[PDB]
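Peer 1: Here it is: the structure, laid out below.
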Amino acid sequence: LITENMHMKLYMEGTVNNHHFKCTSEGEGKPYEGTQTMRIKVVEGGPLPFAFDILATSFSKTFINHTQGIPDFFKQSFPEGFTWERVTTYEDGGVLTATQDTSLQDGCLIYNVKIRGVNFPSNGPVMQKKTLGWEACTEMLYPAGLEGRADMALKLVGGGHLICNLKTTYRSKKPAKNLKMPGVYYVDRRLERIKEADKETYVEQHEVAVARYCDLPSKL
C-alpha cells in the first residue's frame, strides 16, 4: 500500500484567536526515505494576520524513515489509516490544538485537519510576524496508540527563539491485534520553508524525518 513514491492531498480549516481560515495543499514524498514536499494555499481568510509558521506542523507521519527495524505504527495502519491530535503550547501564551485524519484513497494519502488556536498575544512575534521558521527537533515517541513529546524553537528576527512544547496522541484506525507496537524511539526532523508568496498565502514546505533508537552505548 505505501509505495516508494506517494502523493498527498490535504484540506485544513480552523481559527486562530478570532480569525477563521482554510487551506488546501498537495505534495509528494518518499515514505521510506522520510522526505516530502507540500505546496500549500490559503484559500479562505487570507492574508492571515498571524505567522504561517504556527501552522507548519499541521500539514504527515507516513513519511518517516523508520530505521533499525523500528516497527512502523503509521505505515502499518493502512489501509485503515490513522489520526492524530495535538496541543502546542507557546511559552508566551499562544495555544494551538489540531486534530487530523489520515486516510488512503485510490493510492493517494488524504489529510483532513482542524485547527483551533487561542490567546496568541496581540503584540508578540507571531501576531507581529517576526518569525523565520523552525529549528530542527527530536520528537520522542512511546506506546501509551503512541504519544509524542517535543520542544520546538521558532526563529525570530533579530536573533533568538520563541519556544513551544508539543504533546501529541497518535491513534491507529487499525485493530491493535493487527499492529506490532514499537517501544520508545526518537524521530529527528528538519522542517523547512522552501518558498512563499503573496503574504504567506502560498507556501512550500519540506520535511525530512528519520526514526532511530538512542545510539549511545548502554551499560545495562
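Peer 1: Cβ-Cβ distance below 8 Å, separation of 6 or more or different chains: which pairs start in the range 106-131 with a residue that is over 30 Å from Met6 (Cβ atoms) and end on one that is hydroxyl-bearing (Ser, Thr, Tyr)?
Peer 2: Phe120/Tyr90; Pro125/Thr131; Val126/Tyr90
Peer 1: For a quick check of your reading of the model, give me the residue pairs whose first member lies in the range 17-43 and is more than 24 Å from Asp188 (Cα to Cα), whose second is small (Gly, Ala, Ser) and in a loop (DSSP other than H, G, I, E, B), with beta-carbon atoms closer than 8 Å and at least 6 apart or on different chains.
Peer 2: Note: pairs meeting the criteria are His19/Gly45; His20/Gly45; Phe21/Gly45; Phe21/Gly46; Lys22/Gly45.
Peer 1: Working only within the range 153-195, note down all residues that are aromatic (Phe, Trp, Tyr) and under 28 Å from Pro125 (Cα atoms).
Peer 2: None; the set is empty.
Peer 1: Name the single residue that is surrounded by the fewest Cβ atoms within 10 Å (Cβ to Cβ) among those in the range 177-197 being of a type in the set (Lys, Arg) and either over 22 Å from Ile40 (Cα atoms) or touching a helix residue (DSSP H, G or I) at 6+ places or on another chain (Cβ under 7 Å) (or both).
Peer 2: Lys177
Peer 1: So if I check each of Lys75, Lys129, which one is among the charged types (D, E, K, R), closer than 16 Å to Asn17 by Cβ and surrounded by 15 or more Cβ atoms within 10 Å (Cβ to Cβ)?
Peer 2: Every option except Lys129 fails the conditions.
Peer 1: In the range 198-216, what count of residues is obtained for those that are in contact with a helix residue (DSSP H, G or I) (Cβ under 7 Å, 6 or more places away or on another chain) and not in a strand (DSSP E or B)?
Peer 2: 1
Peer 1: Considering only the range 198-210, state which residues are out of contact with any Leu (no Cβ under 8 Å at 6 or more places or on another chain) and surrounded by 14 or more Cβ atoms within 10 Å (Cβ to Cβ).
Peer 2: Hits for the range 198-210 are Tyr202, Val203, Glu204, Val208, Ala209, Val210.
Peer 1: Let me ask you something else. How many residues does the range 1-41 contain that are among the acidic types (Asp, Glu) and crowded, with 21+ Cβ neighbours inside 10 Å?
Peer 2: Going through the range 1-41 one residue at a time, the tally reaches 0.
Peer 1: Strands (runs of 3 or more DSSP E) wholly in the range 7-98 with at least 2 residues that are in contact with a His (Cβ under 8 Å, 6 or more places away or on another chain) - which ones?
Peer 2: 19-30, 35-44
Peer 1: Same structure again: For residues that are among the aliphatic types (A, V, I, L, M), under 13 Å from the mean Cα position of the chain (by Cα) and over 25 Å from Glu28 (Cα atoms), tally how many sit in the range 80-110.
Peer 2: 2
Peer 1: With respect to the numbered conditions (1) surrounded by fewer than 17 Cβ atoms within 10 Å (Cβ to Cβ); (2) within 16 Å of the chain's Cα centre (by Cα); (3) closer than 14 Å to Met12 by Cα, which one is the sole condition not fulfilled by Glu44?
Peer 2: (2)
Peer 1: So in the range 111-126, with the set limited to residues that are β-branched (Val, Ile, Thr) and buried (at least 16 other Cβ atoms within 10 Å of the Cβ), which one is nearest to the chain's Cα centre (by Cα)?
Peer 2: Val113
Peer 1: Follow-up question, since we're still on this one. Just name the residue that is surrounded by the most Cβ atoms within 10 Å (Cβ to Cβ) out of those in the range 141-176 that are assigned to a loop (DSSP other than H, G, I, E, B) and not hydrophobic (A, V, I, L, M, F, W, C).
Peer 2: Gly145
Bear in mind that the values in this text are calculations on the coordinates, not laboratory data. For neighbour counting, all protein chains shown are included, and Cβ atoms are generated from backbone atoms with ideal geometry for every residue, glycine included.
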